[PDB]
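*Asks:* coordinates only, sequence not included:
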């Protein structure tokens, strides 16, 4: 009820770095602002890892088999992640800016393109325990003149070639005794060689440069070595390459041009399959599978991802998020639905497990600000600075009726009665609470009495009276029913905003400018008690701040407050790095949460590093966009004083760490907050962290573990084999004294398998008590996994309660029958 | 491999006074002739205060400022049992043949320990507590 | 001895130990290789950043350290490690059982001496090769040649000449041949330290007297001498920077600096390293730089520089004294109490008998910084109480820290040795803060903990009073009196509502914190030595003198679990991050690990050392032990966060072909089982040689023969078998068959069937027993029926429980 852990980050589908699929084409790895998201395409689910990076990610790969994940910052922070286990194994620091990490197809060793250096390291072992210094640098190849921009292995591990912004594209081996076999360099291009490749046969070499050129290198005659047999030019006129991949087993080039165009070729032939305009915005990364039938693009001009097939004209996902523009967030009464609004207008509909915008609504023209659900999560509304509140349903996914005012006025916040007629909106301009009927587009009442803006509004779940927040430091509670049209002010003394009611509707959380949240009675007028937030808020000092965070007034209030589903807790969130969980009656915060730990995010750090405070100025506040190799990144369009305006590049600043919208789940007390980075999910759904067991097996290994007394691990080694002789060996082998010791430590992966094995075998078995202890220990062990996914165990549990009643409770009814006949026949008397 | 040693008692083995007991938070029965540490029992966390051999099999190790006497088995190399005073053990004496042990406690108390090697039972509480207090109080 | 849940990662918090460290160069720059027991460390000299650690703990402690350019040569017991980058590339195990004393590197050779007064020679397999692997020979020093081998050096421009110095004299060898090319005469003092020289032919020797001898070999003569009054020399070094300067390191901690041209000492440093821990253990000028790196046995490694000379006209005469430069220190004594400071497992507080805190950083070994003990100027104005010879704070027995309001006031409370109060410290300012918190009943502080709101520190006396001081102004709030013995562990709940305390009276007191009432008072058996609380899950654990940790629920106001199982005084113990486990360590050299939902010791680590403090990280990753010897903090990776391990009760015992399997009939005798085959027999039955065999089982008073064919009797024939029971007066075959059934349920197999036979008795002779109710013969056997019968409600307690849980879990 207190312990909330990070579960999943949603959206902002690409910022910076390399995109990769796994061994299988299911798992797609993308960078987020500092995290890695994994999108599984067929089993449509999304995931983002529990950790974050310290700067923006500029390099990424995963293992051959999907065991290790390497994320590397812009600076060269490297993070070793147990990819199957989602836990961080090692933080190494590469001291140079690297651009490419690629594992071996062997999986034995990976390599790194940092500067003009190639660093080739051995892989750390996953089944081995975590060590202090796991990484062993095998070799370092520094035969390059400028920064090495692209890098590949062969399909054998024994050949690696890298390419730089220097003209060179150079092959070596892993091992130096394989140096003499092939160790040479390629030149003769015009420009940045942006990608050089082996073919699927290791005899043809493809080298692609920025100018639009490919050479077909081949170890051929006029001993004799390595001529160009042909060149290939796509003849892009002013456009030039940004990114290039090559799928070798089908001989396919994916190109990304500066003009947002992209081409496909068949490389011994060099024949144009199709040209797609991905957009105005260039492909910043291309990717193929080992199957080579999906392609993955990312535009870091927009922040979009695109999985599209080359052979069939068909996308998989065309996802386009919006940074700094996650305005509203909305839990449904159902715990399966989530609504995110935006300043661009898009209002997306997410599942919490499968993190996909299932729906969107791109019909608002301006910023959408406040969204509440009503009537069992059927209808869902959207007040806007677009001058309207547009209604939305979750069955037809359509606009119902765009409630309008007179003078086309923007609307600050939205409140919906559960009785689905009454929708109130407060305005940032007009400061009159407009009440719309849902059935009639006319306004029901123009509630007047706000001097300065109406900040926020909510109704009770109980009496459905509304509480609006002035900027005149004064709550106005309106009771519009019983034909009174009656009002009451509550004077606060400092400037309130972000109002939030208890579900009982007799107490209200208020956030003043002091940070002090107050709780107000509604059946009476006085203040109940007030909890302080100006002390326990993590605020950040910007690099351009000229005052320390201890006496900074940047973010020590709260831009959103929410009551818990008992009404006994509150999660509040503001323009800070800090999200807070106060207890309502005990009146002291339970836990304080970071939203994001990113140096490029501005107000993350409490204390700035004094090595960056130079003579006159920061060390980071110097304009470094003027040194980019590309003209477009050297172009500055930043208008000076734009605060949360349209695009990212036009702040002329780092993005502030701010969290706009905060809500609780009804069911499992999970709270989600749409941040600057995107929607974050904290939950109490603990042990959804997926945990592989006993990773590489014989039947002898589990049976030797029976001889080795390693009985839970022997059960795992049996259940990976799935032969019922072994399961009845290992099942009756463990003693009773460690049955609940075993069953609480069973993963959820074999949970329907073990529940079905118990549910089937125990029906015909004499070990009724022994099976019964297993079902007791399992249902007391991990019944919560059957609380969430009921249809997952529905076949197994059916057999289980077949065994409980027909097989076991028949024996019990026999027992109680003979018992009660004993009690009668020994407690009563005779005759004669 | 004994860089700190502040307590010593020699064993009543007979005319052979070899294999004596040295201790500072960690005890070694060490031979005189073969110049080697023979038996090593972990003492206490604190520097050891009292180091008393009772019998042919059992000896008391005492910690400075701690409330726990440990009765160690000589040849078994493990603790036979523990005694625990009401407060910090300040001084120690024992009877002839492991009958009853006098613990002067640091708070000011006398804990007696009756048949300390008798038959869980491994935690041995203070049997008797002899305090001394004036007439007026 | 091996752990399954945790594993050793590194011993955090150590810089050196006193073993003479080695210096090396990469190109222009310098690295330093020091020893910590069985693990060596490498440093840049220009920042004292940690560069490498050993890939393995060595099986015995490293005795010697030498270092060439990329290869660091460690030397433990019989074997010598050739390490590149802290990784064992080549172990060279010497052909004695003698212990390796000293070591040196020159040419294509390696030379290492043992304590059998014999040096071993190890050639490279080629000059093309880089590390020496070929075993050349063993030469020795007999007692006409020299004494005990103090050092092996190679003075430069000496072709295959090995300079072996003893306490007596100096020898020179051709290690290609193996011939003693020269023996020096005895110096009359006991030579203790050698050092080569940037001049030719000279070896500097610092003896057991305060005497340093410059000694030639081409002369064979002691060219100059240098005296020291009453100090035992430990290290010698030469400043090769540009003025001829000599470094004399005592074992009294003092460093003496000479200029041999002016024939004068320059400055003597006092007490740069602790005298009791070896004095100055090794000091060495970095070659061609005015920087001397000093290393003490106080887990400290300092740097000093000569400033360039102020005299423009002179230079060499006017010398600035050496000046403090960067240093990595550790706890000189072993650490008494540790804790995990922050939430993200970045910092650990470690307090020792060195009388100091240290704020170690498990992220980066250089952010590890020693805390200040500098009092704020007292807010009252009247001056404070203490000696003007300001000593360190007395060593600490308890720690307390909450990072809720960090850096707005103090948030570290430390219970110093034998002080009636306890000081407060800012974690952020790395310095003891303004308030000190008293007992106010004239007893010692014996346990402290702080409020999670960061506004209260709780202080428990030796006389029982618990004061609640405020972290705002240092003011007290309430002084609770429940215990008349000592308090020994305090906590608050995570909501700051209900506060617990454990005492040396055997009392755990439940008080409210918002309210002021004593809510509950649980009396446990032994007095209670410590208290650990889990804020996320509202439990609290305690060690007592009953060698066993009781975990007490704070809601249900009673014991939830007690782990018996230890063998000695339980030193430290800790919950998990999530309350699933408790790590305990006791004086029994065991560190056991406990799964509290069940309550079984699921693994115990046997250690060579006694583990004093264990500390589970608030993150689910790290376990910190501190031992009684050893000054660092053993960090342990928690494998459960990575894959898993087994959870068995396996501690006290230490401390196929046909791919098919017939079922076991009965696993243990205590469990109940049914009849092999059809379950439908109950549904059938419920919807003479026989009586002779029943008699022959009755005369045995064991009826195990009857039950066999009783299962195997055809179900319709039993409808005449029980309907002929021969009992009118004696009721024998009634009592014979009923006791046959009760002996049938005794082995618990075919449990349902004897119930069916009992109900078939009621179908057959319920009137024959009923009209003769009160008869003490059949009533005895039915009393025996109830006594055997009353256990098996445990499956009715299983079936109803498991059924309701199944329905409740499927529906909700």
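*Replies:* Everything's here; your move. Numbering: from 1, shown residues only, chains lettered A, B, ... in the order given.

*Asks:* what's residue A:555 in contact with, if anything?
*Replies:* Residues in contact with residue A:555 (CB atoms under 8 Å, 6 or more residues apart in numbering or on different chains) are A:537, A:539-540, A:574-576, A:603, A:658. In this view, the C-beta of every residue, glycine as well, is placed from N, C-alpha and C.

*Asks:* go through the residues you listed and flag which are in helices.
*Replies:* Of these, none are assigned to helices by DSSP state H.

*Asks:* residue C:615 bridge partners, please.
*Replies:* The partner list for residue C:615 in beta bridges (DSSP bridges) reads residue C:624.

*Asks:* from what I can see it touches residue C:575, true?
*Replies:* No - assessed by CB atoms under 8 Å, residue C:615 is found out of contact with residue C:575, at 10.6 Å.

*Asks:* and chain C, which of the contacts of residue A:555 contact it?
*Replies:* When CB under 8 Å from any CB of the partner chain is applied, no member of the contacts of residue A:555 is adjacent to chain C.

*Asks:* turn the residues you listed into TSV, including distance to residue B:21 and neighbour count.
*Replies:* Shown next, in TSV, are these (distance: CB to CB, whole Å; neighbours: other CB atoms under 10 Å in any protein chain shown):
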residue	distance to residue B:21	neighbour count
A:537	60	24
A:539	62	21
A:540	62	24
A:574	66	27
A:575	68	22
A:576	63	28
A:603	64	25
A:658	69	23
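
*Asks:* and those, which is closest to residue A:354?
*Replies:* Relative to residue A:354, the closest of those is residue A:658; by CB to CB it sits at 27.3 Å.

*Asks:* the closest one and residue A:326: what is the separation?
*Replies:* Using CB to CB, to the nearest Å, residue A:658 is found at 10 Å from residue A:326.

*Asks:* which residues of chain B fall in strands?
*Replies:* With strands called from DSSP state E, chain B shows them at B:7-9, B:20-23, B:26-30, B:37-42, B:48-53, B:58-63, B:68-73, B:79-84, B:89-94, B:100-105, B:109-114, B:123-124, B:128-130.

*Asks:* and the nearest residue in space to residue A:115 that is not next to it in sequence, how many neighbours?
*Replies:* Spatial nearest neighbour of residue A:115, excluding adjacent residues (CB to CB, 6 or more residues apart in numbering or on different chains): residue A:96 at 4.5 Å. For residue A:96, the count of nearby residues is 15 (other CB atoms under 10 Å in any protein chain shown).

*Asks:* residue A:806 now?
*Replies:* 11.

*Asks:* same question, residue C:213
*Replies:* By the criterion of other CB under 10 Å, residue C:213 has 19 neighbours.

*Asks:* skip ahead from the helix or strand it falls within and say which helix or strand is next.
*Replies:* Using DSSP states H and E, residue C:213 sits within strand C:211-215. Next along the chain after strand C:211-215, taking DSSP H and E as the criterion, comes strand C:222-227.

*Asks:* got a list of what the residue most central in space within chain C touches?
*Replies:* Among the residues of chain C, the one closest to the centroid is residue C:625, at 2.4 Å (CA atoms, centre = their mean). Residue C:625 is in contact with C:585, C:591, C:607, C:611-615, C:633-634, C:636, counting by CB under 8 Å, 6+ apart.

*Asks:* what does the residue in chain A positioned nearest to chain B show for phi and psi?
*Replies:* For chain A and chain B, the shortest gap (CB to the nearest CB) falls at residue A:737, measuring 18.7 Å. With angles defined as degrees, to the nearest 10, residue A:737 sits at phi -60, psi -20.

*Asks:* contacting residues for the nearest residue to it once chain neighbours are set aside?
*Replies:* Of all residues beyond its chain neighbours, the one nearest residue A:737 is residue C:649 (6.0 Å), with distances taken as CB to CB, 6+ apart. By CB under 8 Å, 6+ apart, the contact set of residue C:649 is A:737-738, A:741, C:600-602.

*Asks:* among the residues you listed, which are in helices?
*Replies:* Within the contacts of residue C:649, residues falling in helices by DSSP H are residue A:741.

*Asks:* drop anything exposed from the contacts of residue C:649.
*Replies:* Using 16 or more other CB atoms under 10 Å in any protein chain shown as the burial test, these include A:738, A:741, C:600-602 as buried.

*Asks:* helix/strand/coil for the residue nearest to residue A:737?
*Replies:* coil (DSSP: H, G, I helix; E, B strand; the rest coil).

*Asks:* in what helix or strand does the closest residue to residue A:443 other than its chain neighbours lie?
*Replies:* Distance criterion CB to CB, 6+ apart; nearest residue to residue A:443, sequence neighbours excluded, is residue A:434 at 5.1 Å. Assigned by DSSP H and E, residue A:434 belongs to strand A:433-436.

*Asks:* ok, now residue C:374?
*Replies:* Applying DSSP H and E, one finds residue C:374 in no helix or strand.

*Asks:* how many neighbours does it have?
*Replies:* Number of residues near residue C:374 (other CB under 10 Å) recorded here: 9.

*Asks:* wait, it touches residue C:431, no?
*Replies:* Yes - counting by CB under 8 Å, residue C:374 does reach residue C:431; the two are 6.1 Å apart.

*Asks:* how about the nearest residue to the residue in chain C positioned nearest to chain A, chain neighbours excluded?
*Replies:* Relative to chain A, the nearest point of chain C is residue C:674 (3.9 Å; CB to the nearest CB). Among residues not flanking residue C:674 along the chain, residue A:766 sits closest, at 3.9 Å (CB to CB, 6+ apart).

*Asks:* and residue A:218, by the same measure?
*Replies:* residue A:229 (5.0 Å).

*Asks:* so what's residue C:541 bridging to?
*Replies:* For residue C:541, the beta-bridge partners under DSSP bridges are residue C:532, residue C:551.

*Asks:* right, and it touches residue C:572 too?
*Replies:* No - here residue C:541 does not reach residue C:572: they are 11.0 Å apart, not a contact under CB under 8 Å.

*Asks:* before we move on, back to that, each with direction, which strands does the strand holding residue A:434 pair with?
*Replies:* strand A:423-426 (antiparallel), strand A:443-447 (antiparallel).

*Asks:* how about it: buried residues?
*Replies:* A:433-436.

*Asks:* can you check stretch C:592-611 too?
*Replies:* The neighbour-count check on stretch C:592-611 (16+ other CB under 10 Å) flags C:592-605, C:607, C:609-611 as buried.

*Asks:* try stretch A:365-378
*Replies:* By neighbour count on 16+ other CB under 10 Å, the buried set for stretch A:365-378 is A:367-374, A:377.

*Asks:* narrow the residues you listed to those in strands?
*Replies:* Checking those against DSSP E, those in strands are A:368-370, A:373-374.

*Asks:* returning to that earlier point: dump the contacts of residue A:555 to a markdown table, plus distance to chain B.
*Replies:* Formatted as a markdown table, those follow (distance: CB to the nearest CB, whole Å):
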| residue | distance to chain B |
| --- | --- |
| A:537 | 42 |
| A:539 | 44 |
| A:540 | 44 |
| A:574 | 48 |
| A:575 | 50 |
| A:576 | 45 |
| A:603 | 47 |
| A:658 | 51 |
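
*Asks:* which of those residues fall within strands?
*Replies:* Within these, no residue falls in strands by DSSP E.

*Asks:* how many neighbouring residues does residue 72 have?
*Replies:* Going with chain A. Neighbours of residue A:72 (other CB under 10 Å): 28.

*Asks:* oops, chain B please
*Replies:* Neighbour tally, residue B:72, other CB under 10 Å: 24.
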